[PDB]
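Participant: Residue numbers (the entry's author numbering), protein chains in the order written: chain A, 128 to 158, 161 to 182, 211 to 290, 298 to 322, 337 to 399, 433 to 556, 654 to 679, 694 to 712, 836 to 890, 1154 to 1341; chain F, 1 to 249, 287 to 348; chain B, 937 to 972, 988 to 1038; chain C, 994 to 1061, 1073 to 1077.
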Ligand SMILES: [Zn+2]
Ligand SMILES: [Zn+2]
Ligand SMILES: [Zn+2]
Ligand SMILES: [Zn+2]
Ligand SMILES: [Zn+2]
Ligand SMILES: [Zn+2]
Ligand SMILES: [Zn+2]
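#1: Where do the ends of the beta strand (DSSP E) carrying residue 1020/B lie?
#2: Is it true that the segment 531 to 543 of chain A meets the segment 657 to 671 of chain A, where meeting means three or more beta-carbon pairs spaced less than 8 Å apart?
#3: Go through the segment 455 to 524 of chain A residue by residue and report every complete run of the beta strand (DSSP E) that reaches 3 residues or more, in order.
#4: Taking residue 1030/C as the reference, which of 999/C, 1056/C, 1038/C, 1050/C has the closest Cα?
#5: On a Cα-Cα basis, can you pick out the residue from 1310/A, 1327/A, 1321/A that is closest to residue 1336/A?
#6: In three-state terms, what does DSSP make of residue 1036/C?
#7: Which word fits residue 1325/A, buried or exposed, when buried means at least 16 other C-beta atoms lie within 10 angstroms of its C-beta?
#8: Please go through the same chain and pick out, in chain order, the residues whose beta-carbon is closer than 6 Å to the beta-carbon of residue 938/B, but skip the five residues on each side of it.
#9: Alpha carbon to alpha carbon, what distance is there between residue 493/A and residue 131/F?
#10: Between the C-alpha atoms of residue 518/A and residue 452/A, what's the straight-line distance to the nearest angstrom?
#11: Under 8 Å, with one C-beta from each stretch per pair, do the segment 1201 to 1219 of chain A and the segment 1178 to 1193 of chain A reach the 3-pair mark?
#12: Quick check on the DSSP output: the alpha helix (DSSP H) that includes residue 1316/A runs from which residue to which?
#13: Against chain F, does residue 860/A count as a neighbour if the rule is that its beta carbon must be under 9 Å from one of theirs?
#14: Pick helix, strand or coil for residue 139/A, following the three-state DSSP scheme.
#15: Looking at the structure shown, is residue 123/F part of a helix, part of a strand, or coil, going by DSSP?
#16: Can you tell me which of 555/A, 663/A, 553/A, 556/A puts its alpha carbon nearest to the alpha carbon of residue 547/A?
#17: Should residue 147/F be counted as a contact of ligand 4 given a C-beta to heavy atom distance under 8 Å?
#18: If you pair each beta-carbon of the segment 1021 to 1035 of chain B with each one of the segment 325 to 335 of chain F, do three or more pairs fall below 8 Å?
#19: Closer than 8 Å to a non-hydrogen atom of ligand 6 - does that hold for the CB of residue 1029/B?
#20: Taking 8 Å as the cut-off, does the CB of residue 947/B come closer than this to any heavy atom belonging to ligand 4?
#21: Jot down the residue ranges of each uninterrupted alpha helix (DSSP H) in the segment 1250 to 1324 of chain A, minimum 4 residues, whole runs only, in chain order.
#22: Starting from residue 988/B, follow the beta strand (DSSP E) in both directions and report where the run begins and ends.
#23: For chain C, find out if any of its Cβ atoms is closer than 9 Å to the Cβ of residue 346/F; answer yes or no.
#24: Determine, using beta carbons only, whether residue 439/A and residue 555/A come nearer to each other than 9 Å.
#25: Could you give the DSSP three-state label for residue 1173/A: helix, strand or coil?
#26: Are the CB atoms of residue 513/A and residue 491/A nearer to each other than 9 Å?
#27: Helix, strand or coil for residue 75/F? Go by DSSP, reduced to three states.
#28: Is residue 1332/A near ligand 3, in the sense that its beta carbon is under 8 Å from a heavy atom of that ligand?
#29: Smallest Cα separation from residue 1297/A: which of 1284/A, 1313/A, 1321/A?
#30: Out of curiosity, what's the CA-to-CA distance linking residue 116/F and residue 64/F?
#31: In whole angstroms, give me the CA-to-CA distance for residue 230/F and residue 184/F.
#32: Of the residues 38/F, 51/F, 18/F, which one's Cα is nearest the Cα of residue 32/F?
#33: Can you give me, in chain order, the residues of the segment 999 to 1010 of chain C that have a beta carbon less than 8 Å from any beta carbon in chain A?
#34: Hey, could you find the ends of the alpha helix (DSSP H) residue 216/F is sitting in?
#35: Does the beta carbon of residue 343/F come closer than 9 Å to any beta carbon on chain C?
#36: Just the Cα atoms here: how many angstroms apart are residue 1230/A and residue 1187/A?
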C-alpha cells in the first residue's frame, strides 16, 4: 500500500506484539521469542533484531519501570524480563509471580503507578502484585472467567487507579484500586462471552467486543455506539491521541481466524471503516507506536507496518451515484442525492431521484417555444399495427404475398395517420410504393438504384434502428425478412426477442401473445416447444390421457370427408383406456369441454361462470364439492 | 414520479430495478436492503421491506428474472453473496418478508460485483471481487433455489492485486438471446469480453483498450436490430468510453473493438453508466451530483443531451 | 404449498401461462392481472391469477389472462394451435 | 425532497422549431449542383425554352447566396 513502510520475515512462529514505551529508541517486543525488534526510517527495515532468549499477550512497562517485559510461558505464572539484563554474564530472569491455579488470559502494566500490575484468567480471581518486593490484593469475580483486564490509561497530554474486566458471562465489571472486592460499575456487555476490553485514551469510555460481533461503546464515567461487525472480534487498540469528542476516536477492530485484517474504524462513521490494511496472511495482533504508525504480526510471520497519514480512505473509493433506466423514453430514471460526510463531526438520509424525463422535457420545450405520453403511444402502436403477414405456383404465391403486404403497409400508414405522426406514415408510404414497384415488375415479367426495394427497405431499417424506433424496425423484421434478407437471422431473432421482452416489461401480455403467435421464427422465446401443455392422468384408471386412438379415428374420418369440424370432437376430457364419458363441473355437474377453472388444493374443474359465481357472488370460501380446507377467493 | 427519501443511515451504493419497473431495491453501506414498490394510487414510492442482509457495506445488487421468482442477490465486503426470496405472506415493513436462500462464501477477497445472466441461460449468477477470479454460479436444477454449484472459475488477472483497498470490479452480461454467451470483466484497468466456446469454458474474446484508471462501471447495450453492439465504461479518471462491438460468425465468433467515442465531460470521477432499453440513450452519474444523458448524433459520435443537477 | 405449487418428486414448477409465460400455480405475481365494493374487486383480482386450461387443446392460462385474451380473439394464444377455446 | 435542475443541451425538438427550412442542405450534400444546373440551362436554351433556364439558374444562385456582370452598368 501507500502507507506501508516497514516489513520483514520471521523464521519461527509468533504469538503477540507490544511496543517499547520509550520516545528515545524505536524498538518493539514481539512474542518463545522475545526480540527487541528495532525499526529505522532511513532504510525502512526492522532488520535490527536483538535475540533476547499460548493464550496470552505480551505487555511492556510504563513510567519508572520503562524496561520490563511480561510474557506467559507455562500458562501458570507471569515471567518478567529486563532488556538491560540481556548480557551473557547477566541473568536474564526477574522474580516470577505464581498464584494462578488455572491458565492466565491477560495481564497489563499500569501507566500511572509503575510498581503496580494487574492480571487475570480462568482462576476467577483478579490479583494485584508489587514489583518492588504471592499477590497483595486479591478480588474474587464470583466464578467469572477473566479474558481481558486493562488498566485505566494515564496518557499525559497537553487517573490510573481503576480497571475493568471482561468475562465469559458477558459482564463488564469496573473496579477500583482503593475499593477491593467491590466492583464500582457493573454492566451487561454482551450475550455470550465477551472477548475484548479497552479504554478510551482521554474520556472514560469503554469499548468491548465478544462472540456477538457487536463492538459496543460504554460510558463508565443501552451502549453508546454499536458496530455490528458480525464476526467474533478478538482485539481492540485505540489510537494514542486527545479526542475531545468521543466520536472522533480511531479504533482498531480485528478478529482471529482464516479471515483476519487490520480494520481501523472511526467512531464518527460506524458503518464504513477508514483503513482495511490487509496482509498476505491473516493477522494476530496489532499495536500503535504513535499517533500515526501502527504495526502488526500475522500467521505468515511478517512484521508489517503502516502509516495512517499516508493511506487511502475507504469512503473515497466507494460508489457514490448510480443510474438505471425503466423504459424507452425515460419515464423512470434514478440517481442518489447523497452527500459525502467526514470522519470527524451523521449523514442525512439520501434521496433517490426518480424523474419523469418526458414530462419534464415537454415542460421545458413548451416553455422555450412560448417566448404526449409516449408510453401510451407505444401501447397504441403495439396494439393497432399489423405485425403479422397472416413453377407458376411460386410466382402466384409471390404476387399474392406482395398484394397483401401492400394491404398491410396501407393499414400501417393509415393507423399512423390516425394519430398524426407523419414521420412514419412517410416511411410506410415509401415501403408500400416499393412493394408496388416490385409487384409491377413481377407482373410485367455497377450498383443497385436507391429506389430498389431491398436497398430502400434495408436503408429505412437502418435509419429506424439508428434513430431508436423499435416498433418500425420490428415491424419491418416480421414483414420483410424472409423475402428480403435484411440482416442475419441472429440479429433479427434477437430484435424480436428484445421487443417481446420489452412488451413483457410493460403490462402488455396479450399484445406479446399476438406477436408471438404468428411469428415466422419458431424459436424466439423458449426451445422446449409446448411449454403450456398440461398432460393429465385419468381420475379413474390412472393412465395418461393421450387419446391417440380417438385422434387417429377422427383424422381418418376428416381425411375421408371434407370438413375440419370432425377434428373438433377430439379432447382430453375423456379417457380411451377406461371409456370415461366426460368431466363434470364441480358446481352445475354439466359436461365441460372447452375451458375450465382448476381449484388448486383439491383438483376440481369448473366453468368460468360457475367458479366466479361461487367465489364472488355467493362470497364462499370452500370448494363446491366439499373439501377439508379453505380454497379462499 | 417524484423523488422520495429513503430510510438509509449512510450512502446508497447500488440501486437496481426489477423486470417490470414497479420495484426498486436499494443496497447501502449501513448493512441494509430496502425494496420499494410503485403504488398506482397517488404515484409515489412506498417502502415495502427493509432488512439487514450483510455485516458490512453492500456494494452490488441485482434482481433475477421474473420467471424464477422474486430473487435479489447482494454482494458485500463480507466476502459473501447472499440471495433473498420474497415471502408475500409476511406483512410489509416487518423485516421478515425476504428470506435468505444461500450464502456463497467462497471468495477470499471482498466481492465487488454481482450480476445475473440473461433468462435464456438459466438461473446463472456471476461474481467478481478482490481475489481476482471470475466465479459463475449456476442452478443446474432451477427447481430448488438453495442448490448453487460453481461452474466456472476463470482468472481474469495475471496476478492478484497487492493493493486491495484501491480496486473496483464490475460485470455486465450480454442480453443477446441468439448470439453466444458474452460477459464483460472490468478488473482493475482493463476490460475483457469472455465467450463460451465448444469446450464449455470461458475464453478471452476481445479487450477494450484505453482505460488509464480504475473502472467504476460497465454496461452492455441492448441492440434491438443493430449490426453492432455498444459497451459503456465509466472510469475513475472521469472518461466515458463507448466501444462499438461488431460480431461475425474455440470461439464461434471473432470480435473487433473500435472506440466509437470518448467523453470527459464529467469534471471529476464517473461512478455509473447504464444504457436504456433501446441502446440509444446512456446515463452517466458522477461524484459532482450531476447526471448526463448521451444520445448518438447523425454521425457515429455521442453528444450530451441533458445535465441533471440535484441542488 | 399454500402460495406456490410444485412437483413433489423433483420440485419443478407448473407449465407456463400461454400469455405471460409465468409458471402457473403461483399466487402473488409481480404484476396485477386486471382481466375482463372493494372486497369483491380484490377477490376478482386475486381470482384472476388461477389455473385455467382448455380440455380440447390442453393449453394453460391464468383466468384473467384467458378472460382478457378471449375478449378480443377467438384462437388459442399458443403458436401452432387452432382451437376456439371460447365457444 | 430536493430541487432538481434540468438543462437541455442541443435538443432536437428545439432545433427543429428553430429551422424554417424543410431540409438543411449543404455543399457536401450536393457537390456539383452548379455545373449540372448550368449545363442543363445551356441545353434548355438550345431548345425553345428560354424561361426555364432562368428559373433553374435563379434556383442555383439562390442556393449559392444561401450558403454564401452581364446585367449591370
Ligand atoms: Zn381412464
Ligand atoms: Zn359449471
Ligand atoms: Zn375440491
Ligand atoms: Zn416433476
Ligand atoms: Zn399468465
Ligand atoms: Zn391450444
Ligand atoms: Zn383449446
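The C-beta atom is built at its ideal place from N, Cα and C for all residues, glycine as well.
Facilitator: Considering the structure as presented:
#1: It is not in any beta strand (DSSP E) - residue 1020/B instead sits in the alpha helix (DSSP H) that spans 1014 to 1020.
#2: yes
#3: 461 to 466, 474 to 477, 494 to 499, 504 to 509, 515 to 518
#4: 1050/C
#5: 1310/A
#6: helix
#7: exposed
#8: none
#9: 15 Å
#10: 15 Å
#11: yes
#12: 1316 to 1320
#13: no
#14: coil
#15: coil
#16: 663/A
#17: no
#18: no
#19: yes
#20: yes
#21: 1256 to 1268, 1316 to 1320
#22: No beta strand (DSSP E) contains residue 988/B, which DSSP labels as neither H nor E.
#23: yes
#24: no
#25: helix
#26: yes
#27: strand
#28: yes
#29: 1313/A
#30: 6 Å
#31: 12 Å
#32: 51/F
#33: 999, 1001, 1004, 1006, 1007, 1010
#34: Unbroken run through residue 216/F is the beta strand (DSSP E), 215 to 220; no alpha helix (DSSP H).
#35: yes
#36: 15 Å
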